[PDB]
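Protein chains in written order, with the working numbering: chain Z, 62 to 480; chain R, 62 to 480; chain B, 37 to 248.
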Amino acid sequence: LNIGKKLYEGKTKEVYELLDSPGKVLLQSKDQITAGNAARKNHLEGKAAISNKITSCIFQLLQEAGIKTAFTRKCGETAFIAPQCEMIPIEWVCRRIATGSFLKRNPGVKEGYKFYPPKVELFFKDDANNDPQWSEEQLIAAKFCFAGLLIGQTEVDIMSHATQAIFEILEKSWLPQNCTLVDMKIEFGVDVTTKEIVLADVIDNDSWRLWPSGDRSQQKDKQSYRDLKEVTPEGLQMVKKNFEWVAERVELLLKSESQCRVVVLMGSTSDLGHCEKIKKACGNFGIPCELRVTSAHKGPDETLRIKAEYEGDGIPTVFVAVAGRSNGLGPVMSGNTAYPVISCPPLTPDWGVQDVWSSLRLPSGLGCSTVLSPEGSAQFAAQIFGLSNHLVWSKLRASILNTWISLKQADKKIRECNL
Amino acid sequence: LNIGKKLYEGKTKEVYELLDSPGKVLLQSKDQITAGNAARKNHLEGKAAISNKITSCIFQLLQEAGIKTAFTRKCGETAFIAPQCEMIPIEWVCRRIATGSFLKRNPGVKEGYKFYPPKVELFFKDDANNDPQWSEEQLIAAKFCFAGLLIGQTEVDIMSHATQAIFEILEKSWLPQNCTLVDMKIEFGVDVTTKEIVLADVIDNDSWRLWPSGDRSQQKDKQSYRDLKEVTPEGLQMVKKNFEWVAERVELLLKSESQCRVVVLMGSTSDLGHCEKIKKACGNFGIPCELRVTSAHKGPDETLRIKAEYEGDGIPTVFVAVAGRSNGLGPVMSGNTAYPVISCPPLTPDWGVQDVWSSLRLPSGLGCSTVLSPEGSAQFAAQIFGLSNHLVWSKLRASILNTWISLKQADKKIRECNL
Amino acid sequence: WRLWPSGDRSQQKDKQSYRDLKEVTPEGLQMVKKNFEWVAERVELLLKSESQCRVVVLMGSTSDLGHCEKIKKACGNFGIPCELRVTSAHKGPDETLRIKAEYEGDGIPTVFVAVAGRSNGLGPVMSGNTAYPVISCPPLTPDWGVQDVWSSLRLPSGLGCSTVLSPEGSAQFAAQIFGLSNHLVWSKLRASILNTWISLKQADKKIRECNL
Ligand SMILES: Nc1ncnc2c1ncn2[C@@H]1O[C@H](COP(=O)(O)OP(=O)(O)NP(=O)(O)O)[C@@H](O)[C@H]1O
Ligand SMILES: Nc1ncnc2c1ncn2[C@@H]1O[C@H](COP(=O)(O)OP(=O)(O)NP(=O)(O)O)[C@@H](O)[C@H]1O
Ligand SMILES: Nc1c(C(=O)N[C@@H](CC(=O)O)C(=O)O)ncn1[C@@H]1O[C@H](COP(=O)(O)O)[C@@H](O)[C@H]1O
Ligand SMILES: Nc1c(C(=O)N[C@@H](CC(=O)O)C(=O)O)ncn1[C@@H]1O[C@H](COP(=O)(O)O)[C@@H](O)[C@H]1O
Ligand SMILES: [Mg+2]
Ligand SMILES: [Mg+2]
Ligand SMILES: [Mg+2]
Ligand SMILES: [Mg+2]
């Protein structure tokens with residue numbers, strides 16, 4: 062590992078150039094904890110390893126969901142490799158629950174006020190003035206430029222939407238551990254190579270407020286250190302145990318709590334191309350997808366036996382029925398399983414207007430749903446599993462963001478061809 | 062409570078007439094455990110309370126799912142009130158896993174062979190000949206008559222289907238406790254008042270095989286007592302602890318592990334009638350259902366804020382979009398949530414052929430599904446929640462049985478109008 | 037097997053007659069032999085068609101010949117003779133009735149299949165003037181097929197004319213009709229249900245390998 066010059070150093074991290082890696086840097090954590098802009102600073106042994114472990118797990122989680130993130134890989138106990146960014150000097154905060162500075166700036170609001178949707182705020186980075194709140198209008202008027210990207214209305218709107226999405230993903234991911242994510246702070250930078258705005262810096266135990274069972278008095282985050290009247294050695298051991306508590310649970314956010322499976326049943330091997338599109342699209346949400354050939358019309362006995370194989374092994378299953386012309390496979394399956402059935406018929410413009418009604422108009426006592434897009438039927442199957450699986454949910458959530466970002470970028474492009 | 066005369070007494074239960082309660086009886090459990098046809102009999106203190114508690118919990122579970130069952134209520138620690146039945150003298154067994162007598166009657170099959178779907182078998186009740194297996198053809202040819210109901214092809218086909226459905230419901234219900242329901246035995250009788258075939262006798266720790274983590278050596282059922290080489294006082298305490306283990310956990314089968322909610326969003330209060338039908342049908346599955354008024358066309362800002370309230374409180378939610386004419390509410394919602402959205406448009410024959418396409422043909426990146434039936438949209442919502450909620454699943458499964466039974470009954474009726 | 041003439045076990049012609057003998061005598065073996073000879077004589081009649089079958093495909097235009105060739109080919113698969121005839125109900129209704137009469141009049145059980153594009157009058161006219169079954173199998177394309185099909189489907193009262201869109205399907209339906217009387221046609225239909233089912237099982241087995 063070919064380490065170059067120390068680029069900068071701050072309160073908790075040293076950033077080094079990597080001579081064998083163009084556009085990449087090494088972020089080495091220090092055994093330092095800090096708070097405020099006064100003398101609250103301490104050595105804390107093992108903090109560097111805890112910060113590194115949390116950020117490395119959280120960045121891998123957000124990256125596997127599809128959030129664009131400045132993270133390459135973990136590099137031992139106390140560092141990580143990242144794409145080099147020109148950091149935007151704004152703290153982006155997201156709140157589910159009103160506490161901390163929100164109450165000070167909004168006297169009359171009580172602790173516990175819930176934000177639907179989560180509240181996003183901006184703070185300009187400046188220790189001299191204790192990080193003052195900025196409006197979107199102030200950030201636009203600053204006309205900041207980083208690695209050649211002017212930070213305008215489009216870029217601010219993107220960081221704002223991304224902050225909400227990142228919060229919701231981390232919020233949903235902590236829920237299975239019976240922890241309430243109250244709020245968080247993140248920072249973005251411009252990747253010096255790609256010129257993309259990406260989540261950067263770290264997300265660690267100083268970034269958020271984490272309340273087991275929603276109970277503030279059980280707070281496990283750095284607020285436990287900020288709240289101390291006086292820092293004693295007995296006080297720092299409590300803080301360290303809180304950081305250890307989070308370090309011991311954070312890797313479980315990468316694990317699937319519940320199993321998911323899509324079974325695509327096709328009446329004919331001529332509709333294989335259409336079923337390959339469903340299977341591929343399921344792969345994008347990390348949901349295993351099996352293809353099976355069975356006809357309701359010509360082998361209804363075999364359809365029910367295949368159904369029984371998937372009903373009988375304890376794995377939650379969504380069936381997707383692909384039947385051309387008069388669809389009996391969706392209906393028959395729908396009538397004989399408690400699991401959901403989606404008809405995704407391979408309609409063409411020739412007879413599709415006529416064929417679709419055999420999926421849509423069903424006798425009473427049948428729940429069978431219809432989705433015409435094959436990518437759509439995978440997404441709907443994912444949305445169903447997202448109710449139980451935070452990993453699938455997070456891919457859906459990040460995909461809503463990324464698609465929205467794509468529209469903003471295409472509008473920005475075509476707007477330049479308006480002069 | 063006015064107790065009458067003792068009607069019957071067997072190895073483990075006494076049946077008493079209730080003088081104020083026509084067509085109901087009291088089944089009093091005894092502190093007796095037995096095995097085989099031979100001298101394996103023991104007094105075991107608290108067995109009566111454990112048997113009564115298990116059957117009372119299991120019968121309430123099956124009854125609340127919609128399985129027709131001879132159970133009224135628990136009546137203290139050691140008895141229960143039931144509708145009086147003329148018992149059909151057949152033991153109905155269902156197997157997920159090959160063990161016990163299946164291996165003896167099918168040499169070459171290995172322990173652990175899985176049945177898809179679960180295997181149903183009939184045994185005629187006769188201690189003299191160790192309960193010989195009967196075919197369906199033998200039971201039909203017996204021309205049994207109980208409380209005036211001749212047991213024919215229809216009645217046998219009903220008991221056989223009911224046995225599979227009861228087993229699958231109990232199998233699904235034990236899964237969240239990490240217990241494998243291997244197999245079970247049940248008996249049916251004819252309710253002397255209604256003349257309906259109903260599950261009767263008991264389902265207790267003698268009725269099934271229960272393997273924690275699928276591990277036969279951790280068996281918690283009465284097989285632990287059958288297997289003992291010789292019955293010692295130390296041997297009976299181990300059996301008692303197995304029965305106590307089941308007694309403790311059986312009550313958790315009545316508890317919902319996961320929360321469910323349907324939110325029905327309507328573009329106009331003129332579509333209220335249609336939304337009332339969705340809400341009523343959701344009530345049948347025990348799923349709370351909220352009605353909300355919002356227009357994507359006229360109040361899209363408000364649609365997103367309402368969406369956020371239900372996204373934000375940690376409760377798994379299915380949205381049902383009810384918009385007449387050009388449905389924008391399904392699409393908009395679908396594009397802005399990771400939760401499932403179902404369009405259930407209030408189509409009439411006037412313009413329904415034209416309006417439906419606004420739900421069906423969507424831009425890429427939308428998983429929005431379509432269900433035309435309002436009862437159907439609730440059932441689909443139930444099927445989605447049934448992947449996580451064994452109580453919802455069980456109502457869907459019992460509904461498949463009951464619907465099938467009522468077709469058999471209607472066919473039997475119209476067949477009389479053909480002679 | 038066990039073979040009972042008139043469903044009468046006491047007339048059993050199979051080897052059960054030999055299994056049942058208390059003791060095997062020379063007189064006992066001659067009775068068994070006669071039972072075997074009875075079956076030997078009659079087994080050859082199982083290969084013979086008891087009833088005659090014919091499909092007549094009437095086409096309004098020789099441009100629909102391709103579509104009629106598919107009906108005739110598919111009829112050949114069931115061992116049913118199939119004749120093609122050209123007649124228009126619109127332009128030669130007198131001739132349509134005379135052609136109908138040739139096939140009504142020679143004692144051979146016949147199913148008529150009417151192939152008329154656009155406004156199908158040939159199915160209806162034929163249906164109204166014969167006691168034999170008529171099937172409309174119109175040569176629909178996606179251009180105007182949604183509009184044309186209704187001329188086969190919505191008929192005045194007193195017409196039994198049926199519709200089958202598939203040309204192979206119209207032959208199979210014709211076969212099913214003859215299968216009520218002809219055990220050879222029936223047996224091809226029955227074996228075809230098996231073979232189709234077997235090939236689904238085989239295709240499912242193949243695609244299951246592409247899932248591990
Ligand atoms: N991917 C990245 N590429 C380049 N610089 C980065 C990246 N991630 C973080 N940094 C910078 O690394 C510097 C050192 O971090 P740290 O020691 O935590 O600083 P600090 O004292 O918190 N300073 P500041 O964040 O500016 O208030 C920070 O100033 C970040 O802007
Ligand atoms: N709902 C009911 N109504 C009437 N009788 C019932 C009902 N449920 C169970 N019984 C009968 O109650 C009797 C006493 O049960 P039990 O003490 O378990 O007898 P047993 O020794 O197991 N006899 P058996 O089931 O006939 O082999 C049995 O004969 C059952 O058929
Ligand atoms: N961690 C930080 C910081 C911040 O600068 N923190 C450090 C400075 C440093 O990390 O070196 C400190 O002084 O404690 N600013 C916001 N937040 C987080 O943002 C949400 C809202 O915080 P509020 O605005 O209510 O104080 C909560 O989760 C904080 O943890
Ligand atoms: N409990 C019984 C009985 C039965 O008669 N039980 C009692 C009779 C009595 O109450 O004295 C006993 O002797 O243990 N028959 C079937 N089963 C259950 O049904 C499935 C079939 O078991 P198999 O046929 O493999 O033994 C397994 O779950 C048994 O527990
Ligand atoms: Mg700050
Ligand atoms: Mg920092
Ligand atoms: Mg038994
Ligand atoms: Mg009993």
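Every residue, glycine too, gets a C-beta built ideally from N, C-alpha and C.
Residues that R:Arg458 contacts on chain Z, provided the C-beta gap is smaller than 7 Å: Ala399
Contact between the region 445–454 of chain Z and the region 415–424 of chain Z (3+ Cβ pairs under 8 Å): no
Please check if any C-beta of chain Z sits within less than 9 Å of the C-beta of R:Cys429. yes
Let me check you understand the geometry: is the CB of Z:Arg156 closer than 8 Å to at least one non-hydrogen atom of ligand 3? yes
Any Cβ of chain Z within less than 9 Å of the Cβ of R:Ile461? yes
Quick one: what's got a C-beta closer than 7 Å to R:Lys338's C-beta in the same chain, skipping five residues either side? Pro435 and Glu436
Do R:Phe207 and R:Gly250 have their CB atoms nearer than 9 Å? yes
Pull up the CB-CB distance for R:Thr116 and R:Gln93, whole angstroms please, since I reckon it's below 8 Å. The pair is not a contact, with the Cβ atoms about 15 Å apart (cut-off 8 Å).
Give me every residue whose Cβ sits closer than 7 Å to any heavy atom of ligand 7, in chain order. R:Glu152, R:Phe184, R:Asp192 and R:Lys246
Could you name the residues whose beta carbon sits closer than 5 Å to any heavy atom belonging to ligand 2, keeping them in chain order? Taken from the N-terminal end onward, the list reads R:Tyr69, R:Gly71, R:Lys72, R:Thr73, R:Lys74, R:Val76, R:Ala131, R:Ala143, R:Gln145, R:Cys146, R:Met148, R:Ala261 and R:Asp262.
Just to check, is the beta-carbon of Z:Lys108 closer than 8 Å to a non-hydrogen atom of ligand 3? Not so, every heavy atom of ligand 3 lies at least 8 Å from the Cβ.
According to the neighbour-count rule (16 or more other Cβ atoms, all chains shown, within 10 Å of its Cβ), is Z:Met299 buried or exposed? exposed
Going by CA-CA distance only, name the one from R:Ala203, R:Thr330 and R:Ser274 that's closest to R:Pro237. R:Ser274
State the start and end residues of the unbroken alpha helix (DSSP H) segment that holds Z:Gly250. No alpha helix (DSSP H) contains Z:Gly250, which is instead part of the beta strand (DSSP E) from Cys240 to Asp252.
On the CB-based measure, 16 or more other CB atoms within 10 Å of its CB, does B:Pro117 come out buried or exposed? exposed
Considering only C-alpha positions, which residue in the set Z:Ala189, Z:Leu87, Z:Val76 and Z:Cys146 is nearest to Z:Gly97? Z:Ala189
Look at the alpha carbon of R:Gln214 and the alpha carbon of R:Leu468, and state the distance between them as a whole number of angstroms. 14 Å
Give, in chain order, every residue of the region 357–385 of chain Z whose Cβ lies closer than 8 Å to some Cβ of chain B. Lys359, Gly360, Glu363 and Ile367
Looking at Z:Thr364: is its Cβ nearer than 9 Å to the Cβ of Z:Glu372? No, the pair does not count as a contact, with Cβ atoms beyond the cut-off.
Proximity winner among Z:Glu229, Z:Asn191 and Z:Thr95, relative to Z:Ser460 (alpha-carbon distances): Z:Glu229
Quick one: list the residues of chain Z neighbouring residue 544 of chain R, beta-carbon separation under 8 Å, in chain order. This structure cannot speak to residue 544 of chain R, because chain R is shown only from 62 to 480.
For my contact list, R:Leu457 and Z:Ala399 are in at a C-beta cut-off of 8 Å; report their separation, rounded to the angstrom. 4 Å
At a cut-off of 8 Å, would you count B:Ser46 as near ligand 4, judging by its Cβ distance to the nearest heavy atom? no
In chain Z, which residues lie less than 7 Å from R:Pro178 when you measure between Cβ atoms? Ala369 and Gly373
Partners in chain Z for R:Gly391, counting only beta-carbon separations shorter than 9 Å: Those do not exist, as R:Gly391 stays about 12 Å from chain Z at its closest Cβ, beyond 9 Å.
Measure the beta-carbon distance from R:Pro407 to R:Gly385 and round it to whole angstroms, keeping in mind my assumption that it falls under 8 Å. 5 Å
Close beta carbons around R:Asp416, own chain, < 8 Å, minus the five adjacent residues each side: The beta carbon of R:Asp416 lies closer than 8 Å to those of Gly385, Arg386, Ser387, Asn388, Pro406 and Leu408 in the same chain, with the five residues before and after it left out.
Taking 9 Å as the threshold (beta carbon to beta carbon), is B:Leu236 in contact with chain C? Judged by its chain identifiers, the structure shown contains no chain C, and its protein chains are Z, R and B.
From which residue to which residue does the alpha helix (DSSP H) around R:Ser420 run? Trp418 to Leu421
State whether the region 288–298 of chain R contacts the region 259–272 of chain R, with contact taken as three or more CB pairs (one from each stretch) at a distance under 8 Å. no
Quick one: complete alpha helix (DSSP H) runs, 4+ long, within the region 381–420 of chain R? 390–397 and 413–416, all fully within the region 381–420 of chain R.
For Z:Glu75, which option in Z:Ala143, Z:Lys473 and Z:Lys102 has the closest C-alpha, if you only look at C-alpha atoms? Of the candidates Z:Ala143, Z:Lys473 and Z:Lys102, the one whose C-alpha sits nearest the C-alpha of Z:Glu75 is Z:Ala143.
Whose C-beta lies closer than 8 Å to the C-beta of Z:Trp306 among residues of the same chain, with five residues either side of it excluded? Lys281
Please state whether the Cβ-Cβ distance between B:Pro169 and B:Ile213 is less than 9 Å. yes
Rounded Cβ spacing between R:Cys155 and R:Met245 (contact assumed at less than 8 Å): 6 Å
Are R:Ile119 and R:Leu314 touching if we call contact CB-CB under 9 Å? yes
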